[PDB]
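Read through the structure below, which is laid out as structure tokens, and then see the notes.
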Amino acid sequence: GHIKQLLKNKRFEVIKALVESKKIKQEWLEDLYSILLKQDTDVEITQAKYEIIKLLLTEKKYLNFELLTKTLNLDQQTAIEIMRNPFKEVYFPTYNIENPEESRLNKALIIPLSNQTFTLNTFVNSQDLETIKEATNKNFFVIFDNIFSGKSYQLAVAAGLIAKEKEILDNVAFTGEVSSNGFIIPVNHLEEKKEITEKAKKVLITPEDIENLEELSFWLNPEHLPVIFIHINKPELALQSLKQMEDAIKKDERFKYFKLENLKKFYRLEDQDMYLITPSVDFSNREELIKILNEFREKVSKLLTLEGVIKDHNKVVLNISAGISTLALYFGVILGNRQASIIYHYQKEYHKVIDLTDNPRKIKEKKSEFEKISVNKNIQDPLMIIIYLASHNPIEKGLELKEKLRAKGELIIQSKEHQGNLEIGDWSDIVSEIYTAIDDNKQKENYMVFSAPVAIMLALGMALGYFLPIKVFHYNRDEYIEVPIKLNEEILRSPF
């Protein structure tokens, strides 16, 4: 036949190019399958094998069990799994010291199997694949698109076996060896491999980033992937604050493997994707505020979708804090109360105060008897809401604003058996009781001032939503000024 004639003349490049054209007759298949058994004596044979396999897996009209079982001597079940199980392609760079011109970012094609591990590349040591099998507890088939020395591919192959989605493997390469117990073993020429990988517009993961497969699975197969959004006032504290948020996240046993640099590499985030800096906010300027809220919308949207790599949005945990309580209220309204999130209160460091990962409704759940707050009220239609949960006592200026606005009603909320600054702890019950007092007493029109930690007003905004007719007044050092965005405006509708 045609392939048989091309074979007798060892024109493997012509066979590969013809396979890449996907114009193959069925009478050619038997001779094409026989290529897979030939010795990998030169790179053109190995690359022909790779394209032949990739053709069979992507155009399954060429996938044939007779040839798989009769030519490759595969048992039936291994044959069946080759043609049904989805494959994963992973990238790994190699550096040749003698011939640096043949250094390359290579590919490994991996298919999970039940009870057999093998490769079609004759230059590969079988014991090196058994190590991957033991570390992952998974049998597999693997084939490579290049001839190379060493076993620095083991991390990439382990990644292809562990990753549930292929999207995370499109932009990330790996170098490193794997031990039988799943530990990542150092490799050489990390700097040359880094250049090779970035020339191909990918990011390289090395043994200096990942220590074992459990850590790798934390990023490739996340159950609760932590992302960060912090609002801050000073730009010179941006990077340091991200590190402090990283410190607080790592104190959680569920996130002991979290590293800022690994979140950035695996999910293609930069520092600015995780912060919002406002050096000075004029809360009387509507267009200036809308600009900030638009940036918050764009940043949180990227953090919760992550370019589609994450399929279930419930697997992402938003670790969030802010630096102005008035702004945090509007952030909370837009963020909504259906996202897995953890709210932190900053005081020398980031303190977890409200964990919404198990139940995002807990900041909205009403209780018959207030345990955390005291409520004094005289409910009339123009209702003034005053929240007193910090050292500054806003009640007097709030009642003076009430009389200036001709408001007839007042709802005064303050801490129960506590004075001034709230003790750091679980603040979810405080928020739910505030929400209960507002939801049970809200009127046709309402005004609201507040002296409360940033984390309290963030959660309160998430609880209230954009449903309530509340005009917010911001404390500008010495006086209350109306924020020119009503809490029920359509621009505050949560998109998440």
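Residues are named by chain letter and number: chains run A, B, ... in the order of the structure tokens, numbers start at 1 in each chain, and ligands are numbered from 1 in the order shown.
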
**OP:** With a distance cut-off of 9 Å and only C-alpha atoms, select the neighbouring residues of region 444-453 of chain A, excluding the residue or stretch itself and same-chain residues fewer than 2 positions from it, and output the selection as a PyMOL selection string.
**Re:** chain A and resi 324-326+345+381-395+398+402+407+409+421-422+442+455-458+468-475+480

**OP:** Would you please give, as a PyMOL selection string, all residues of region 105-210 of chain A that DSSP assigns to alpha helix (DSSP H) based on the backbone?
**Re:** chain A and resi 126-136+154-162+190-199

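Proximity to residue 91 (chain A) was assessed for A:287, A:170, A:177, A:253 counting only C-alpha atoms; the smallest distance is recorded for A:170.
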
**OP:** Would you list, as a ChimeraX atom specification, the residues of region 284-488 of chain A that end up in strand (DSSP E or B) under DSSP run on this structure's backbone?
**Re:** /A:316-321,341-347,349-355,373-378,382-388,409-415,445-451,470-476,479-482

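Residues with any atom within 12 Å of residue 252 (chain A), counting only C-alpha atoms and excluding same-chain neighbours fewer than 2 positions away, are residues 224, 226, 245, 246, 247, 248, 249, 250, 254, 255, 256, 257, 258, 319, 342, 351, 352 and 355 of chain A.
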
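Near residue 196 (chain A), within 8 Å and counting only C-alpha atoms, sit residues 93, 103, 104 and 105 of chain A; same-chain residues fewer than 5 positions away were not included.
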
I need the chosen residues saved as a PDB file, in the first residue's frame, with N, CA and C atoms.
```pdb
ATOM      1  N   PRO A  93       9.113  20.833  29.816  1.00  0.00           N
ATOM      2  CA  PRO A  93      10.314  21.238  29.084  1.00  0.00           C
ATOM      3  C   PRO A  93      11.536  20.412  29.452  1.00  0.00           C
ATOM      4  N   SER A 103      16.700  21.689  22.735  1.00  0.00           N
ATOM      5  CA  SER A 103      15.852  21.844  23.908  1.00  0.00           C
ATOM      6  C   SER A 103      14.454  22.285  23.487  1.00  0.00           C
ATOM      7  N   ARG A 104      13.451  21.827  24.231  1.00  0.00           N
ATOM      8  CA  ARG A 104      12.092  21.880  23.713  1.00  0.00           C
ATOM      9  C   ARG A 104      11.083  21.759  24.845  1.00  0.00           C
ATOM     10  N   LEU A 105       9.921  22.376  24.640  1.00  0.00           N
ATOM     11  CA  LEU A 105       8.744  22.113  25.458  1.00  0.00           C
ATOM     12  C   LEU A 105       7.997  20.945  24.826  1.00  0.00           C
TER      13      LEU A 105
END
```

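In terms of minimum interatomic distance to residue 158 (chain A), A:173 ranks closest within A:173, A:274, A:333, A:203, counting only C-alpha atoms.
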
Within 12 Å of residue 273 (chain A), counting only C-alpha atoms, which residues show up once you throw out same-chain ones fewer than 4 positions away? Write them as a PDB file with N, CA, C and O atoms, in the first residue's frame, please.
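Result saved to part32.pdb:
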```pdb
ATOM      1  N   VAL A 227      -9.707  32.244  46.709  1.00  0.00           N
ATOM      2  CA  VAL A 227      -9.272  33.437  46.003  1.00  0.00           C
ATOM      3  C   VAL A 227      -9.391  34.614  46.967  1.00  0.00           C
ATOM      4  O   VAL A 227     -10.024  34.523  48.018  1.00  0.00           O
ATOM      5  N   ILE A 228      -8.763  35.729  46.605  1.00  0.00           N
ATOM      6  CA  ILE A 228      -8.632  36.876  47.495  1.00  0.00           C
ATOM      7  C   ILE A 228      -9.179  38.115  46.801  1.00  0.00           C
ATOM      8  O   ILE A 228      -8.883  38.355  45.625  1.00  0.00           O
ATOM      9  N   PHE A 229      -9.983  38.891  47.528  1.00  0.00           N
ATOM     10  CA  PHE A 229     -10.247  40.286  47.190  1.00  0.00           C
ATOM     11  C   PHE A 229     -10.134  41.114  48.459  1.00  0.00           C
ATOM     12  O   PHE A 229     -10.892  40.899  49.410  1.00  0.00           O
ATOM     13  N   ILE A 230      -9.207  42.066  48.473  1.00  0.00           N
ATOM     14  CA  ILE A 230      -9.074  43.006  49.579  1.00  0.00           C
ATOM     15  C   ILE A 230      -9.162  44.420  49.029  1.00  0.00           C
ATOM     16  O   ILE A 230      -8.490  44.755  48.046  1.00  0.00           O
ATOM     17  N   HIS A 231     -10.003  45.243  49.646  1.00  0.00           N
ATOM     18  CA  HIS A 231      -9.991  46.675  49.396  1.00  0.00           C
ATOM     19  C   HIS A 231      -9.128  47.342  50.456  1.00  0.00           C
ATOM     20  O   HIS A 231      -9.250  47.033  51.646  1.00  0.00           O
ATOM     21  N   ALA A 238      -0.231  47.414  49.493  1.00  0.00           N
ATOM     22  CA  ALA A 238      -0.999  46.451  48.709  1.00  0.00           C
ATOM     23  C   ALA A 238      -0.381  45.062  48.766  1.00  0.00           C
ATOM     24  O   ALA A 238      -1.053  44.086  49.124  1.00  0.00           O
ATOM     25  N   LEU A 239       0.897  44.950  48.406  1.00  0.00           N
ATOM     26  CA  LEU A 239       1.541  43.643  48.382  1.00  0.00           C
ATOM     27  C   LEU A 239       1.653  43.058  49.784  1.00  0.00           C
ATOM     28  O   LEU A 239       1.429  41.859  49.980  1.00  0.00           O
ATOM     29  N   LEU A 242      -1.726  41.609  50.809  1.00  0.00           N
ATOM     30  CA  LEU A 242      -1.966  40.313  50.183  1.00  0.00           C
ATOM     31  C   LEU A 242      -1.230  39.203  50.924  1.00  0.00           C
ATOM     32  O   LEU A 242      -1.766  38.104  51.104  1.00  0.00           O
ATOM     33  N   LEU A 260       0.070  32.282  47.552  1.00  0.00           N
ATOM     34  CA  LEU A 260      -0.287  33.340  46.611  1.00  0.00           C
ATOM     35  C   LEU A 260       0.330  33.098  45.240  1.00  0.00           C
ATOM     36  O   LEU A 260      -0.341  33.245  44.212  1.00  0.00           O
ATOM     37  N   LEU A 263      -1.492  30.253  43.346  1.00  0.00           N
ATOM     38  CA  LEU A 263      -2.790  30.683  42.837  1.00  0.00           C
ATOM     39  C   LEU A 263      -2.622  31.539  41.589  1.00  0.00           C
ATOM     40  O   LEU A 263      -3.394  31.416  40.630  1.00  0.00           O
ATOM     41  N   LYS A 264      -1.602  32.400  41.577  1.00  0.00           N
ATOM     42  CA  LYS A 264      -1.358  33.247  40.415  1.00  0.00           C
ATOM     43  C   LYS A 264      -0.942  32.421  39.202  1.00  0.00           C
ATOM     44  O   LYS A 264      -1.426  32.660  38.089  1.00  0.00           O
ATOM     45  N   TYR A 267      -3.982  29.683  38.040  1.00  0.00           N
ATOM     46  CA  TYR A 267      -5.239  30.265  37.589  1.00  0.00           C
ATOM     47  C   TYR A 267      -5.063  31.627  36.929  1.00  0.00           C
ATOM     48  O   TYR A 267      -6.049  32.350  36.752  1.00  0.00           O
ATOM     49  N   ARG A 268      -3.831  31.989  36.563  1.00  0.00           N
ATOM     50  CA  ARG A 268      -3.553  33.145  35.707  1.00  0.00           C
ATOM     51  C   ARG A 268      -4.084  34.444  36.314  1.00  0.00           C
ATOM     52  O   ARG A 268      -4.782  35.224  35.663  1.00  0.00           O
ATOM     53  N   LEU A 269      -3.742  34.675  37.578  1.00  0.00           N
ATOM     54  CA  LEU A 269      -4.088  35.903  38.274  1.00  0.00           C
ATOM     55  C   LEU A 269      -2.834  36.729  38.524  1.00  0.00           C
ATOM     56  O   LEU A 269      -1.728  36.193  38.635  1.00  0.00           O
ATOM     57  N   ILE A 277      -7.540  49.542  45.291  1.00  0.00           N
ATOM     58  CA  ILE A 277      -6.945  50.624  46.068  1.00  0.00           C
ATOM     59  C   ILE A 277      -7.753  51.893  45.842  1.00  0.00           C
ATOM     60  O   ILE A 277      -8.022  52.271  44.695  1.00  0.00           O
ATOM     61  N   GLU A 295     -15.298  48.714  39.183  1.00  0.00           N
ATOM     62  CA  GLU A 295     -14.061  47.955  39.334  1.00  0.00           C
ATOM     63  C   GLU A 295     -14.267  46.750  40.242  1.00  0.00           C
ATOM     64  O   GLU A 295     -13.721  45.670  39.987  1.00  0.00           O
ATOM     65  N   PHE A 296     -15.049  46.918  41.311  1.00  0.00           N
ATOM     66  CA  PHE A 296     -15.356  45.793  42.189  1.00  0.00           C
ATOM     67  C   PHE A 296     -16.102  44.699  41.433  1.00  0.00           C
ATOM     68  O   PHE A 296     -15.788  43.510  41.570  1.00  0.00           O
ATOM     69  N   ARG A 297     -17.090  45.089  40.621  1.00  0.00           N
ATOM     70  CA  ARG A 297     -17.836  44.122  39.817  1.00  0.00           C
ATOM     71  C   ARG A 297     -16.910  43.335  38.899  1.00  0.00           C
ATOM     72  O   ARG A 297     -16.971  42.102  38.842  1.00  0.00           O
ATOM     73  N   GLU A 298     -16.049  44.040  38.161  1.00  0.00           N
ATOM     74  CA  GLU A 298     -15.162  43.379  37.209  1.00  0.00           C
ATOM     75  C   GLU A 298     -14.184  42.448  37.911  1.00  0.00           C
ATOM     76  O   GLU A 298     -13.924  41.335  37.436  1.00  0.00           O
ATOM     77  N   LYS A 299     -13.628  42.885  39.042  1.00  0.00           N
ATOM     78  CA  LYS A 299     -12.621  42.076  39.720  1.00  0.00           C
ATOM     79  C   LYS A 299     -13.236  40.826  40.335  1.00  0.00           C
ATOM     80  O   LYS A 299     -12.689  39.726  40.192  1.00  0.00           O
ATOM     81  N   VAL A 300     -14.374  40.968  41.015  1.00  0.00           N
ATOM     82  CA  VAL A 300     -15.001  39.809  41.642  1.00  0.00           C
ATOM     83  C   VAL A 300     -15.493  38.828  40.582  1.00  0.00           C
ATOM     84  O   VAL A 300     -15.435  37.607  40.774  1.00  0.00           O
ATOM     85  N   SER A 301     -15.972  39.341  39.445  1.00  0.00           N
ATOM     86  CA  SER A 301     -16.427  38.462  38.370  1.00  0.00           C
ATOM     87  C   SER A 301     -15.297  37.571  37.869  1.00  0.00           C
ATOM     88  O   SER A 301     -15.497  36.373  37.637  1.00  0.00           O
ATOM     89  N   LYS A 302     -14.099  38.136  37.700  1.00  0.00           N
ATOM     90  CA  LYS A 302     -12.959  37.336  37.266  1.00  0.00           C
ATOM     91  C   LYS A 302     -12.545  36.336  38.340  1.00  0.00           C
ATOM     92  O   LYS A 302     -12.166  35.201  38.027  1.00  0.00           O
ATOM     93  N   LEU A 303     -12.624  36.734  39.612  1.00  0.00           N
ATOM     94  CA  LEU A 303     -12.190  35.851  40.690  1.00  0.00           C
ATOM     95  C   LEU A 303     -13.105  34.643  40.842  1.00  0.00           C
ATOM     96  O   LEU A 303     -12.652  33.579  41.276  1.00  0.00           O
ATOM     97  N   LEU A 304     -14.385  34.784  40.497  1.00  0.00           N
ATOM     98  CA  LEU A 304     -15.349  33.710  40.695  1.00  0.00           C
ATOM     99  C   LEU A 304     -15.512  32.813  39.475  1.00  0.00           C
ATOM    100  O   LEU A 304     -16.065  31.715  39.603  1.00  0.00           O
ATOM    101  N   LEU A 306     -12.698  32.654  36.807  1.00  0.00           N
ATOM    102  CA  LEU A 306     -11.333  32.188  36.560  1.00  0.00           C
ATOM    103  C   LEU A 306     -11.173  31.640  35.141  1.00  0.00           C
ATOM    104  O   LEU A 306     -10.600  30.570  34.922  1.00  0.00           O
TER     105      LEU A 306
END
```

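Note that CA of residue 466 (chain A) and CA of residue 492 (chain A) are 6.0 Å apart.
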
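Candidate residues A:127, A:171, A:280, A:244 were compared for distance to residue 344 (chain A), and the nearest is A:244, using only C-alpha atoms.
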
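When only C-alpha atoms are used to measure the gap to residue 75 (chain A), the shortest distance among A:114, A:154, A:415, A:181 belongs to A:114.
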
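In terms of minimum interatomic distance to residue 121 (chain A), A:146 ranks closest within A:139, A:146, A:441, A:357, counting only C-alpha atoms.
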
**OP:** Name the residues in contact with residue 426 (chain A) at a cut-off of 10 Å, using only C-alpha atoms, excluding same-chain residues fewer than 2 positions from it; report them as a PyMOL selection string.
**Re:** chain A and resi 351-355+423-424+428-430

Original post:
By how many Å are CA of residue 35 (chain A) and CA of residue 169 (chain A) apart?
Top reply: 28.2 Å
